[PDB]
Amino acid sequence: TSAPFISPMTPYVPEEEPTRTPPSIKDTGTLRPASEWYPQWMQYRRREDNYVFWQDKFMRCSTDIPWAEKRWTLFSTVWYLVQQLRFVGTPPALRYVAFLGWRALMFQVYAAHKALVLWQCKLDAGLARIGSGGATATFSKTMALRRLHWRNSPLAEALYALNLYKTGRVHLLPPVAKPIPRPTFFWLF
Amino acid sequence: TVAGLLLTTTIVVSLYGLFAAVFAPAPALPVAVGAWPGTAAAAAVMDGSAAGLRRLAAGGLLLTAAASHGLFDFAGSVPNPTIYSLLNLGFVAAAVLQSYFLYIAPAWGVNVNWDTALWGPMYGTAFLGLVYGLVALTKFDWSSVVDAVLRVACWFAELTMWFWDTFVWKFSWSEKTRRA
Amino acid sequence: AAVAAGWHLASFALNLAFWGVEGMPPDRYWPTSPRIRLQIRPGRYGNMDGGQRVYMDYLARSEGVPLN
């Protein structure tokens, strides 16, 4: 207990200001695009409770920007050229066509990822059998969902595969992946 | 100020004269091939009557070097700011007198251009002593020569502005006008 | 010759695909009136009282009103 005055049973871990803006309100944690104007859940709440849509817009766009997204660096003053090309030097029609193509591609990518996740759950259910040796052909829906939402680091899935193949225990899962902060160096980037 | 530069340059020059005069045995006088192969001291070696002369010159140069170092690091506050006025005499007058000797040296016909370690620091320190007489004579503020720089720069600027407005492009044309 | 003309034609087609200002937001380093951006305002001299008259028809000359 390095703390002289107060030391609760849980050690204090410092909190720091966030470095990136949160996911919007509309996007899923997955790879599939969103409904592109109105989320589907907006239909199951009272009209007087859906001010959170436009409020979240006002927040991400103007009001709570984390002071780490307004850092002037040598990298951002060239990304400015790129973005200004895209926003002022291109006609909106070509931008629209590229938008449609990108949406289609991302939908196909999501379908592929979902198939891969299902195959992964089969393989892990199969390997836990060799692991525990006996009856369990089971997997965990927890791990399937965590794989579909990109919540595991690779080390976590490796440790989980080993734990399954050696002791079964299909309900013992790695803790969670924590969010990646925004890299900064100096005036450089 | 230029007093410090004066004295520290006399330091450097005198100590280098010492380091080049007390580390080498002696230079050699050119033989001047075919110059009266008999008498007239030609096609000979330098004598043991001048090496000690060179060392005495070097010792005097070292004493005045240490004297200049003392005066420099003493009057760096320019403890006694005004006592050196006595040695001021000794530091300058003789120096000028020194030059006088060398100024009569071409009259006596003594050759000073051939050898390096003897008359170089001679004329150097003598002229530097006269120049210290100057630094005490007109009292360069170390910001007055900068003022002369600024004076000549302002004069040349006023010349080039006239040259421009007369022969290149009119200042009324180049500059923007307002109110309309 | 065909290639050297097709370059200009591609550039012209690209400029045509713009069609206007729909999609272009405002900008404060570049107003639409050059006089605001360049700080141009008349003074005192050269002011004729009946010059305003002329002003009007010049506007009427370009606002295309064939009355004039």
# chains A, B, ... in the order shown; residues from 1 in each chain; ligands from 1
$ closest_atom_pairs --of "chain C" --to "chain A" --cutoff "8 Å" --atoms "only C-alpha atoms" --output "JSON lines"
{"residue": "C:14", "atom": "CA", "partner": "A:91", "partner_atom": "CA", "distance": 7.9}
{"residue": "C:17", "atom": "CA", "partner": "A:91", "partner_atom": "CA", "distance": 6.3}
{"residue": "C:18", "atom": "CA", "partner": "A:91", "partner_atom": "CA", "distance": 4.9}
{"residue": "C:23", "atom": "CA", "partner": "A:92", "partner_atom": "CA", "distance": 6.5}
{"residue": "C:24", "atom": "CA", "partner": "A:88", "partner_atom": "CA", "distance": 7.1}
$ write_last_selection --atoms "C-alpha atoms" --output "short mmCIF file (atom, residue, chain, number, x, y, z; two decimals), in the first residue's frame"
data_model
loop_
_atom_site.label_atom_id
_atom_site.label_comp_id
_atom_site.auth_asym_id
_atom_site.auth_seq_id
_atom_site.Cartn_x
_atom_site.Cartn_y
_atom_site.Cartn_z
CA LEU C 14 -14.51 15.87 -65.38
CA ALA C 17 -19.44 16.32 -63.82
CA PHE C 18 -19.32 19.13 -61.24
CA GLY C 23 -21.92 19.85 -52.44
CA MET C 24 -19.70 22.88 -51.86
#
$ interface_residues --of "chain C" --to "chain B" --cutoff "10 Å" --atoms "only C-alpha atoms" --output "list in words"
residues 40, 41, 42, 43, 44, 45 and 46 of chain C
$ residues_around --residues "residue 174 (chain A)" --least-positions-apart "2" --cutoff "8 Å" --atoms "only C-alpha atoms" --output "list in words"
residues 152, 156, 157, 159, 160, 172 and 176 of chain A
$ closest_residue --among "A:162, A:137, A:180, A:74" --to "residue 122 (chain A)" --atoms "only C-alpha atoms"
A:137
$ atom_distance --atom1 "CA of residue 34 (chain A)" --atom2 "CA of residue 112 (chain A)"
17.4 Å
$ select_by_dssp --residues "chain B" --states "alpha helix (DSSP H)" --output "ChimeraX atom specification"
/B:2-21,51-74,85-103,105-108,120-138,144-167,171-174
$ atom_distance --atom1 "CA of residue 21 (chain B)" --atom2 "CA of residue 116 (chain B)"
9.6 Å
$ residues_around --residues "residue 77 (chain A)" --least-positions-apart "6" --cutoff "12 Å" --atoms "only C-alpha atoms" --output "short mmCIF file (atom, residue, chain, number, x, y, z; two decimals) with N, CA and C atoms, in the first residue's frame"
data_model
loop_
_atom_site.label_atom_id
_atom_site.label_comp_id
_atom_site.auth_asym_id
_atom_site.auth_seq_id
_atom_site.Cartn_x
_atom_site.Cartn_y
_atom_site.Cartn_z
N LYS A 70 -7.11 17.38 -32.32
CA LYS A 70 -6.72 18.70 -32.79
C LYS A 70 -5.23 18.96 -32.60
N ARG A 71 -4.40 17.93 -32.67
CA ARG A 71 -2.96 18.14 -32.58
C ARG A 71 -2.39 18.47 -33.94
N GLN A 83 -7.32 14.94 -47.66
CA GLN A 83 -8.73 15.10 -47.36
C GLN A 83 -9.35 16.26 -48.12
N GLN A 84 -8.61 17.35 -48.31
CA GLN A 84 -9.16 18.48 -49.03
C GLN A 84 -9.31 18.18 -50.51
N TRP A 187 6.12 16.52 -32.63
CA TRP A 187 5.75 17.28 -33.82
C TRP A 187 5.72 16.41 -35.08
N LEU A 188 6.16 15.16 -34.99
CA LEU A 188 6.23 14.31 -36.17
C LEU A 188 4.86 13.79 -36.58
N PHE A 189 4.21 13.01 -35.73
CA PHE A 189 2.86 12.55 -36.04
C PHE A 189 2.00 12.45 -34.80
#
$ residues_around --residues "residue 130 (chain B)" --least-positions-apart "5" --cutoff "7 Å" --atoms "only C-alpha atoms" --output "ChimeraX atom specification"
/B:92,95-96
$ write_last_selection --atoms "N, CA and C atoms" --output "compact mmCIF listing (two decimals), in the first residue's frame"
# COMPACT_ATOMS: atom_id res chain seq x y z
N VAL B 92 52.31 50.88 -23.95
CA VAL B 92 52.07 51.47 -25.25
C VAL B 92 53.31 52.17 -25.80
N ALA B 95 56.13 50.13 -27.08
CA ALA B 95 55.59 49.46 -28.26
C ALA B 95 55.73 50.33 -29.50
N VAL B 96 55.20 51.55 -29.43
CA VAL B 96 55.36 52.49 -30.54
C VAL B 96 56.84 52.69 -30.85
$ residues_around --residues "residue 66 (chain A)" --least-positions-apart "2" --cutoff "12 Å" --atoms "only C-alpha atoms" --output "PyMOL selection string"
chain A and resi 16-22+59-64+68-71+181-182
$ decode --residues "region 44-140 of chain B" --atoms "C-alpha atoms" --output "CSV table (one decimal), in the first residue's frame"
chain,number,residue,atom,x,y,z
B,44,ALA,CA,77.6,29.9,-44.3
B,45,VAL,CA,75.6,28.9,-41.3
B,46,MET,CA,73.8,31.1,-38.7
B,47,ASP,CA,76.0,31.9,-35.7
B,48,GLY,CA,75.8,31.1,-32.0
B,49,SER,CA,75.6,34.9,-31.7
B,50,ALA,CA,71.9,35.0,-32.8
B,51,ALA,CA,70.3,31.9,-31.3
B,52,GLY,CA,70.6,33.5,-27.9
B,53,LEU,CA,69.3,36.7,-29.6
B,54,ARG,CA,66.2,34.8,-30.8
B,55,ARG,CA,65.7,33.3,-27.3
B,56,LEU,CA,66.0,36.8,-25.7
B,57,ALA,CA,63.4,38.2,-28.2
B,58,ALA,CA,61.2,35.2,-27.3
B,59,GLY,CA,61.6,35.8,-23.6
B,60,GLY,CA,60.7,39.5,-24.0
B,61,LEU,CA,57.7,38.5,-26.1
B,62,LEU,CA,56.6,36.0,-23.4
B,63,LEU,CA,57.0,38.6,-20.7
B,64,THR,CA,54.8,41.1,-22.6
B,65,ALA,CA,52.4,38.2,-23.4
B,66,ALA,CA,51.9,37.5,-19.7
B,67,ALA,CA,51.7,41.2,-19.1
B,68,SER,CA,48.9,41.5,-21.7
B,69,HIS,CA,47.1,38.5,-20.2
B,70,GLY,CA,47.3,40.1,-16.7
B,71,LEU,CA,46.0,43.4,-17.9
B,72,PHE,CA,43.3,41.7,-20.0
B,73,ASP,CA,41.9,39.5,-17.2
B,74,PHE,CA,42.4,42.4,-14.7
B,75,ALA,CA,40.6,45.1,-16.6
B,76,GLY,CA,38.0,42.7,-17.8
B,77,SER,CA,35.7,44.8,-15.6
B,78,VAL,CA,36.3,47.9,-17.8
B,79,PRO,CA,40.4,45.2,-9.0
B,80,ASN,CA,41.9,48.7,-9.9
B,81,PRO,CA,40.2,50.2,-12.9
B,82,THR,CA,42.5,53.2,-13.1
B,83,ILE,CA,45.9,52.2,-11.6
B,84,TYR,CA,47.0,50.5,-14.8
B,85,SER,CA,47.2,54.1,-16.2
B,86,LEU,CA,50.8,53.9,-15.0
B,87,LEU,CA,51.6,50.6,-16.9
B,88,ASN,CA,49.5,52.0,-19.7
B,89,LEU,CA,52.6,54.1,-20.4
B,90,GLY,CA,54.8,51.1,-20.3
B,91,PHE,CA,52.4,49.0,-22.3
B,92,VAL,CA,52.1,51.5,-25.3
B,93,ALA,CA,54.9,54.0,-25.6
B,94,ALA,CA,57.7,51.5,-25.8
B,95,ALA,CA,55.6,49.5,-28.3
B,96,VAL,CA,55.4,52.5,-30.5
B,97,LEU,CA,59.1,53.1,-30.0
B,98,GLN,CA,59.5,49.4,-30.9
B,99,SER,CA,57.9,50.1,-34.3
B,100,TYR,CA,60.1,53.1,-34.7
B,101,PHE,CA,63.1,50.8,-34.5
B,102,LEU,CA,61.6,48.5,-37.1
B,103,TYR,CA,60.5,51.6,-39.1
B,104,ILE,CA,64.2,52.5,-39.3
B,105,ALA,CA,65.0,48.8,-40.1
B,106,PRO,CA,64.7,49.2,-43.9
B,107,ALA,CA,66.9,52.3,-43.6
B,108,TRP,CA,69.6,50.3,-41.8
B,109,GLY,CA,69.2,47.7,-44.6
B,110,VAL,CA,68.4,44.8,-42.3
B,111,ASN,CA,66.3,42.1,-44.0
B,112,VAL,CA,63.1,41.2,-42.1
B,113,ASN,CA,61.1,39.5,-44.9
B,114,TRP,CA,63.1,36.3,-45.2
B,115,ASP,CA,62.8,34.9,-41.7
B,116,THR,CA,59.5,34.0,-40.0
B,117,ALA,CA,59.9,33.7,-36.2
B,118,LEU,CA,61.7,37.0,-35.6
B,119,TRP,CA,60.1,40.0,-37.2
B,120,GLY,CA,56.6,38.7,-37.7
B,121,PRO,CA,55.6,39.0,-34.0
B,122,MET,CA,57.8,42.0,-33.9
B,123,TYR,CA,55.7,44.1,-36.3
B,124,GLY,CA,52.6,42.4,-35.1
B,125,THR,CA,52.9,43.2,-31.4
B,126,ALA,CA,54.3,46.7,-32.2
B,127,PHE,CA,51.4,47.6,-34.4
B,128,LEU,CA,49.0,46.0,-31.9
B,129,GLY,CA,50.5,48.2,-29.2
B,130,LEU,CA,49.9,51.3,-31.4
B,131,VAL,CA,46.4,50.0,-31.9
B,132,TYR,CA,45.9,49.7,-28.2
B,133,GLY,CA,47.0,53.3,-28.0
B,134,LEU,CA,44.2,53.9,-30.5
B,135,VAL,CA,41.6,51.9,-28.4
B,136,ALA,CA,42.6,54.1,-25.5
B,137,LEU,CA,42.8,57.2,-27.8
B,138,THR,CA,39.4,57.2,-29.4
B,139,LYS,CA,37.6,54.8,-27.0
B,140,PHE,CA,35.6,52.6,-29.3
